[PDB]
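The structure under discussion appears below in the form of structure tokens.
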Amino acid sequence: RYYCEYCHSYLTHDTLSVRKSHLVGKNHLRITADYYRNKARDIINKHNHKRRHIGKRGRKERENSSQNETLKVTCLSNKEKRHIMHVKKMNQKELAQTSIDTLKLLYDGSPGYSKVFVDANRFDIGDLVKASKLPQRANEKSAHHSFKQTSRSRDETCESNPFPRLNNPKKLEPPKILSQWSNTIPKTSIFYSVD
Amino acid sequence: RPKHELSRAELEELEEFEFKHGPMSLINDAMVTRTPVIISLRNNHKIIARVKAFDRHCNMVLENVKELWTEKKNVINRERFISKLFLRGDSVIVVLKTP
Amino acid sequence: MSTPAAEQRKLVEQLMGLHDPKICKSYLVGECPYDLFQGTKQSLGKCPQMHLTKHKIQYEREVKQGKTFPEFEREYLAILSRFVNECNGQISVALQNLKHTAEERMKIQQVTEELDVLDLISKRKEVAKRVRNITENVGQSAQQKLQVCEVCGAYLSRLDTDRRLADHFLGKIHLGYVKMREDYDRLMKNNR
Amino acid sequence: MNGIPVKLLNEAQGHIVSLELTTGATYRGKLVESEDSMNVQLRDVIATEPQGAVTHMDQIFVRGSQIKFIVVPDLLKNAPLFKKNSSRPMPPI
Amino acid sequence: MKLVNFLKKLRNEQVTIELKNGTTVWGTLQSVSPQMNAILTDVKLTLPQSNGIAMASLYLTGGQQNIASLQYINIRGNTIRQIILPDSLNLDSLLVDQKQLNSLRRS
Amino acid sequence: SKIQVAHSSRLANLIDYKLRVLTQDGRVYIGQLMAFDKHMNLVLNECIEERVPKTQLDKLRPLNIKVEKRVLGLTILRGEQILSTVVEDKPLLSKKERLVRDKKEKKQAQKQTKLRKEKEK
RNA sequence: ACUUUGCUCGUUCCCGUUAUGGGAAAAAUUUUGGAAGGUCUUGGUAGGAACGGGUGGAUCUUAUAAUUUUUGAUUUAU
RNA sequence: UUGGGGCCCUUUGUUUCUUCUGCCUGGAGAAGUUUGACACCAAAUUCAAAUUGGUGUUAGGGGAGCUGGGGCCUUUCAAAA
RNA sequence: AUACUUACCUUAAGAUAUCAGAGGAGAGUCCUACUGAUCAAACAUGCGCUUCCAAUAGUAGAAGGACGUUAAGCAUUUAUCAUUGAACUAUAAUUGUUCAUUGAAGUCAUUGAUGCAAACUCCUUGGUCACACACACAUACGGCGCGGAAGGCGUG
RNA sequence: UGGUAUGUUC
């Protein structure tokens, strides 16, 4: 007999063909991915604080510290700290999910763009891309998307697209700035830019 | 005959029958006639001792053990008298019985 | 078994004239139908005749250079013809069940009520009523939308994509039955 | 029957693991499909021989008795196989 | 007729164990698995007169400061070469083989 | 190391202890066990593998010994090529805190079974 | 050992009498076990008992002393 | 109830049982608590919103009542000198 | 979520501590809210028991490390073979010396590897606890405070 | 006498 600890589903006598097919089906994938995400979120979010050790402080430290100054404590209400911590959590997860993708879109017209950056004609890890296609045995998963594939083959040479400026490129993205410190940008530019 | 299809809980009788009338005739003769045997082991530890018990794994209890080995550098023989010993059948190369 | 040594001992004991009823002739020629449906839902149980690998190797060595036996081939042809007749009867029963499901009482009553109201401007109204009746018939047929497999006699689907169909064709039942159809067609081409 | 460690080895399928062999050669790659007998198959394999050199295999398959150990990723630190008092929701008859 | 049940009757016995690596282990027995995975406490272990692998295995167990004194050691079955029992114990009473006596009475 | 390992404990009782397990080579693995089996296959959390070099072995033969430590993290070690296991360091939380944690796990598991019985109805 | 007759010493009380006997308790006191009360300290306070399993997980035996751990090719020697 | 003095506030979401209001001229107020409630993750339904699958929490200290056990003292019964 | 099709499979067994005695069931076996003894588990409980628990009358320090710095620190050791050409020491598949054509793989590492040794900095842990800044001891030390962590022994 | 996974309609 076999029991899945993730899906909480039982099974018959332990056949490798059934157990292999169980770890491919979509319900086990959803339950396993959600369980790993929640356990990682719990071990990040668990603030294991140190146990405090307070000793009887010295006399001259008390005459020095109680005479210098008294600082002001800031504090906020419940909805304010809840909204601020929710914005900080979405900022932490969008920084953990993002990555710099300037070299992919900056060498887009390079003659070896179809041999390294296409990520399907790659030599060492291209067989891993060509192996598991997620073959979409549902007809709705193949009939949902109606856009182009734009699969760049390896055999694209330098004869195609000879002049990269006549074929309309994209203007590069500006360096993004922090929205909390966006009020200190120089409002006057150096040169006159139109449109 | 296959081992799994013989019977249930009667394999001990066949094991005793193989003990009485098989390759175990020398370990049986040494424990009933208290004769000393010489067991050569896989690390040159030759044991002269009397057999006290028999096991399926050839795990043997030995009494009045006189063991001897040889250090080769130069050539010396080092011996030791051990009263009680429980020897594993993994280490046993061979068992010789004297008449 | 729990140990692989007993499995290897079983393989040795089942691996080590020739015209005897104990030897399965359908397995002696090859691809016994009691072997191709061992553990599936269409299982016949257990073959009463014994199967052996040494006799199969001797038959392969004899059919390579020595000779051939037409009696075992005729017995395998008769067994394949009986199994093909049973599968054709099952496929005819499935086709009759599909025809009975397409001709149910309430479905034919609804179709007759739609066609009774189906009767330039009158031709356009009749074409719109015929299109509405065709849409109602498509909605009635889409409640099951189960076709009939032309070879193995199972159920298929038209709106289903080719990947799930290719997963359907790679089974023990379909591979065994296509092999039995190939053997039956080869024996009918050799006999006729 | 099987036990917790072989279930943990079957748990981390499709992840970057690192084996060490009994000879001293350390493999590292993505686990294709583990088995109950620990005869494990790896892909994008980088290998270090006991002599010291580093090479790269595409698709390796090592037998379970010639394995010193294997390193699973750290997110399997928290697994339901490690739970001691996990009850069982009504096994079938 | 496995003699591991003979060692299961040897709790709180102050024995020595020579391993296949060559280490002599002096300590009291606490428990032993039926697969002969024996646990010991109040242990000192010594590699006599060499094997550098055995010297590494002797030192890298904590508590060296070549007699190494350790509090608790579990020993696997296939690493046990031989075990020496104290001579004061009576082997005629501990090898009664009550399971073998019940098997003989069941015959 | 004044730990005073338990006098009548076995592998079910030694769980979550910082073991110092010895192998046939002497490649000592230090880490917390979290599971075992009949073949004594041990998973090891935050594990480190320490060895001694061949040049240090001459100094070790009859002081400071420079061991080579590599970090394995969470590994799973087989029971074939191991020799002996000891208990090196005690865990963080105590026996009473593990008892309260086990009671909380039992109450949470009973609540989960009540939730499965409520969802089944 | 029972039994009787008198002497002597003697725990406590009475009487013939403060020599000494007679009668009674055959006692005051020490220990163990059981019943009750008071005081000091600690844990628990919402589940528990019985039965039923083509129940789940652990432990033992045999398959299993033969290539997958656990019944050995890891003391590097001819 | 007020006032003074000493320490702590890392409780870093300013008590972390939860929700809401709210705080350093202060340390608070209201509600609820195991077939329930709270917070979060993932998704297709083309904002938000709603649905489904899971994860984690429901705490700490003191007091009245009941009960189990350990030690001392007192009363009574049975047995042995 | 209901209804249907398809792909795979449909189960190694026996038992739940041991010994002695009495009774019952047609030499052997089973049962006793049957009796004595040993052992195991759980919950309490005590042993002038065993080990540990970090200054604040200061700006420290105990344990484990740095996969940290000085540090390319100091002292040593290696960084391919074969055929031939112009000389050649020469028992080798010209090994040795200088230069080159060609032939098979060809770890990176020489700021590399091993040994030695000091200093600085930073991480995880604690009772950073209650009274006092005190004249005890050959039977060597009044272990006769509130606890916590690990363990031994004993009782119910 | 059943289980796991997948694809359509409400």
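Could you estimate the translational diffusion coefficient of segment E:1-97 from the Stokes-Einstein equation, with Rh from the Kirkwood formula over C-alpha pairs, at 37 °C and 0.692 mPa s, in whole µm²/s?
Details: Rh = 14.0 Å.
Stokes-Einstein gives a translational diffusion coefficient of 234 µm²/s.
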Practice task
Would you mind ranking E:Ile73, C:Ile121 so that the residue whose beta carbon has the fewest other beta carbons within 10 Å leads the list?
Solution key: C:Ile121, E:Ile73
Fill in the blank from the handout: Shape call for chain B, from the Cα gyration tensor axes a ≥ b ≥ c (a/c under 1.5 means rounded, otherwise prolate when a/b beats b/c, else oblate), comes out prolate
Exercise for the section: Return the long-range amide H neighbours of D:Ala12 (sequence gap of 5 or more, or a different chain), with a cut-off of under 5 Å between placed amide H atoms. Expected result: none
Exercise for the section: Pairs of Cα atoms under 8 Å, at least six residues apart: use those to get the relative contact order of chain A, whole percent. Expected result: 10 percent
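What percent does the relative contact order of chain D come to when contacts are Cα pairs within less than 8 Å and at least six residues apart?
26 percent
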Problem - Calculated FRET efficiency for the pair A:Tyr107/B:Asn28, C-beta based, R₀ 56 Å, to 0.05 - result: 0.10
Completion exercise
In segment A:31-130, taking the dipole from +1 charges on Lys and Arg beta carbons and -1 charges on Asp and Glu beta carbons about the Cα centre, the listed residue (A:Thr70, A:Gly126, A:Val116) farthest towards the positive end is A:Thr70
Problem - Residue-wise HN-Hα coupling along segment D:40-52, computed from phi with Karplus coefficients 6.51, -1.76, 1.60 (Hz; x: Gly, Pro) - result: 9, 10, 10, 9, 6, 8, 10, 10, 10, 5, x, 5, x
Practice task
Tabulate in residue order the Karplus-calculated ³J(HN,Hα) for segment A:86-99, using 6.51 cos²θ - 1.76 cosθ + 1.60 with θ = phi - 60°, rounded to whole Hz; enter x for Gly and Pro.
Solution key: 6, 5, 5, 5, 5, 6, 5, 6, 6, 7, 6, 8, 7, 7
Practice task
Compute the separation of the alpha-carbon centres of segment B:3-76 and segment A:142-187 and state it in Å as a whole number.
Solution key: 81 Å
Fill in the blank from the handout: In this structure, the FRET efficiency calculated for D:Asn39 and C:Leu95 from their beta-carbon separation, with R0 = 35 Å, to the nearest 0.05, is 0.15
Fill in the blank from the handout: Rounded to one decimal in nm, the spacing of the 7 Å Cα→Cβ label points at C:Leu159 and A:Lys72 is 6.8 nm
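For a quick check: sort C:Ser92, B:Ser7 by the number of other beta carbons within 10 angstrom, fewest at the front.
Details: C:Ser92 11, B:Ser7 8.
Starting with the residue having the fewest Cβ neighbours, the order is B:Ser7, C:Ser92.
Nearest 20 debye, what's the magnitude of the dipole of the protein assembly as shown about its Cα centre given +1 on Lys and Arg Cβ and -1 on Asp and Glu Cβ? Kindly include the intermediate steps, with their values, before the conclusion.
Numbers: 139 positive and 91 negative charges, 671 e Å.
Once rounded to the nearest 20, the dipole reads 3220 debye.
Neighbour counts run over all protein chains shown; Cβ positions are idealised from the backbone, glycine included. Only the coordinates and a few stated rules stand behind these numbers; no lab work does.
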